[PDB]
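Q: Quick one: this structure, given as structure tokens, is what I'll be asking you about.
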Amino acid sequence: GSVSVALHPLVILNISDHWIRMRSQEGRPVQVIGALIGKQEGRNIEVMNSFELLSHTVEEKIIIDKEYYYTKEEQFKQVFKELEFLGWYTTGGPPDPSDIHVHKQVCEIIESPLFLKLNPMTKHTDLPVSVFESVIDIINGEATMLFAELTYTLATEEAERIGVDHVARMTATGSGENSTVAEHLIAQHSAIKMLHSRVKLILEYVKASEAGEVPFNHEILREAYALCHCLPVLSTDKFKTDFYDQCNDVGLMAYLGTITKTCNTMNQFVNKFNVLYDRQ
Amino acid sequence: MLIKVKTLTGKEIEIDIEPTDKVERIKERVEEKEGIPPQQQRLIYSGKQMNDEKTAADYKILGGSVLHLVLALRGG
Amino acid sequence: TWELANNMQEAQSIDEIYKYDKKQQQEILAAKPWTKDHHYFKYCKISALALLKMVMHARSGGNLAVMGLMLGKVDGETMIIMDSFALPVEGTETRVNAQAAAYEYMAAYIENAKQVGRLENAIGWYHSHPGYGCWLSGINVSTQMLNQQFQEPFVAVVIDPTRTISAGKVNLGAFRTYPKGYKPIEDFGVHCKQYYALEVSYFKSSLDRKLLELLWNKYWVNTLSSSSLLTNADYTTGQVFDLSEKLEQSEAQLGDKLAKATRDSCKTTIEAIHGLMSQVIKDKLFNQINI
């Protein structure tokens with residue numbers, strides 16, 4: 001089915017940085033246009049990096065100029081050798097005909113370009129980005145460029161996970177008055193909700209099989225029974241003793257640490273008291 | 001005669017050069033004004049490093065195009 | 001409602017740091033506060049995007065050594081960096097020389113960024129050390145000498161790709177240097193008196209935070225099966241030891257540091273209680289079903 005798209009957690013950060021930069025510079029958020037670069041291996045397409053392309057406006061329409069891309073194409077060839085043009089990204093919602101018009105000269109530059117959509121105004125659990133492939137229609141007349149939606153993967157190299165965890169541990173939670181609770185108790189809440197959704201789907205399938213909407217597949221129900229019988233995990237005495245020991249240890253570690261915040265407030269109080277009601 | 005030099009950090013230099021002056025001469029003057037070492041300047045003119053041997057002969061310019069200076073920066 | 005605050009368009013000081021106050025930058029540059037005292041900026045804050053770009057450049061270098069620039073600004077006592085930009089330099093894994101290619105590359109890339117809409121300037125440079133820790137060598141010390149003495153706002157960055165890959169944590173090291181004349185541990189090298197170290201911090205925007213949290217959301221199994229405080233025991237014990245040393249120093253001083261000690265203790269206690277809370281939540285969710 002067409003080509004397999006390999007998306008990396010580096011293009012998205014570039015788009016977000018560009019969007020926030022323009023939003024802060026102009027005050028009123030505007031549309032941003034860039035590019036996508038990577039590798040073509042047979043029927044597989046992978047995206048490595050992304051650099052912005054200058055775009056001009058004429059009347060009300062947007063035009064991608066060729067000279068700036070020509071000058072910038074050989075510039076980054078020095079650092080990245082086996083890197084070639086793939087497509088471009090932009091910010092927006094649904095595919096408007098302006099997208100088709102702007103994609104016309106992209107198809108002129110490269111026969112079959114890819115398309116990336118990032119929607120900062122998303123209110124859904126799905127990935128805000130979307131990958132589209134260009135299709136040329138055969139019907140006579142105005143041959144509109146058709147966007148075929150494909151599947152995007154999350155292929156990553158060795159250093160991606162460690163970097164994202166390192167940056168996401170802090171997130172400057174203690175400077176924006178966002179409360180560390182509102183981060184910790186919320187980050188895993190989404191995972192718990194996802195597990196709830198999966199269990200609900202399994203229960204719905206089991207109920208449908210019981211009623212008779214779906215055929216009696218006498219293989220999935222065995223796995224469902226096995227999953228059912230494995231719910232009370234590790235109800236032994238050793239686990240309970242270890243858990244209680246852990247709880248007591250964390251309680252003591254919190255006591256040593258509350259006892260010093262109280263002491264610091266104590267010190268500040270005596271420092272302020274030694275100036276107001278007592279001379280020197 | 002009124003050339004401008006802009007560096008990547010923000011320093012702006014205004015220099016006066018006779019059109020038939022040598023490249024070593026212009027480096028010597030710009031080191032006099034700022035304090036560049038005598039042999040460690042890279043000079044860039046319109047996206048092209050100025051060749052030391054090639055003396056400046058035709059400066060058909062009144063402002064606009066500016067030579068940016070950069071220091072040798074290397075590590076090991 | 002479930003997330004309460006959410007975000008349509010509102011932000012806070014986290015998103016405010018991404019801007020360019022021309023008048024403020026001009027007046028801090030003109031005033032030159034750090035030219036009067038040696039013990040100026042000690043806090044360096046670098047954005048995520050620059051970090052990943054540096055890491056990918058170092059990895060693409062492989063066993064050899066790479067080298068590139070960085071972009072940002074300075075704000076009061078702190079330094080801000082938010083862009084990485086690689087260079088096409090080659091050489092043996094023990095020495096790299098910037099030929100004319102890099103000289104024609106940095107200016108061209110700066111002009112291209114200015115055409116794009118970028119407004120920041122060069123702030124420093126990053127060099128990858130393949131294996132031999134993170135410390136400035138003699139030639140690095142001389143280069144930093146000349147750079148910080150000619151181009152006063154500057155900072156060097158040294159990372160270790162091999163050790164970062166093997167261990168699992170990054171080896172980011174941000175260094176400024178004491179100028180010549182001011183004279184007033186074998187890991188740091190032999191020029192430990194000439195150069196010193198700085199703390200590192202990171203930031204990300206509201207949009208970046210939302211995107212990172214939503215991307216990391218596809219990690220639920222590890223999220224609810226990690227069982228932290230059992231993997232970072234050594235880190236917490238080291239933190240408590242440093243807490244004890246800081247408390248002793250503060251007590252000696254009383255005979256301020258007490259505020260710093262209180263903040264560190266609060267951070268460690270918050271981490272411990274967060275681990276306990278996650279463990280309790282897991283126990284409630286899994287071990288209290290079907291009797």
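Recorded method for this deposit: electron microscopy, 3.5 Å.
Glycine too: its Cβ is placed from the backbone N, Cα and C atoms.
Here's the feature list from Swiss-Prot:
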- B:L8: site 'Interaction with UBE1C' (SITE)
- B:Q40: (Microbial infection) Deamidated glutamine (MOD_RES)
- B:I44: site 'Interaction with UBE1C' (SITE)
- B:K48: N6-acetyllysine (MOD_RES)
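For each feature listed, report its degree of burial, its nearest neighbours and the pertinent distances within the displayed model.
A: Annotation for B:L8 (site 'Interaction with UBE1C'): spatial neighbours B:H68, B:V70, criterion Cβ-Cβ under 8 Å with sequence separation of six or more.
All protein chains included, B:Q40 ((Microbial infection) Deamidated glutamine) registers 13 other Cβ atoms within 10 Å of its own Cβ.
Taking a C-beta cut-off of under 8 angstroms and a sequence separation of 6 or more, B:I44 (site 'Interaction with UBE1C') has the following same-chain neighbours: B:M50, B:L67, B:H68, B:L69, B:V70.
In three-state terms derived from DSSP, B:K48 (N6-acetyllysine) belongs to neither a helical nor a strand segment and is classed as coil. Neighbours of B:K48 (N6-acetyllysine), defined as other CB atoms within 10 A of its CB across all chains, total 10.
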Q: At the level of the C-alpha atoms, what whole-angstrom distance separates B:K48 (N6-acetyllysine) and B:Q40 ((Microbial infection) Deamidated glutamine)?
A: 17
Q: In which DSSP state, out of helix, strand and coil, do we find B:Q40 ((Microbial infection) Deamidated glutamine)?
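A: Where B:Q40 ((Microbial infection) Deamidated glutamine) sits, the three-state DSSP reduction gives coil.
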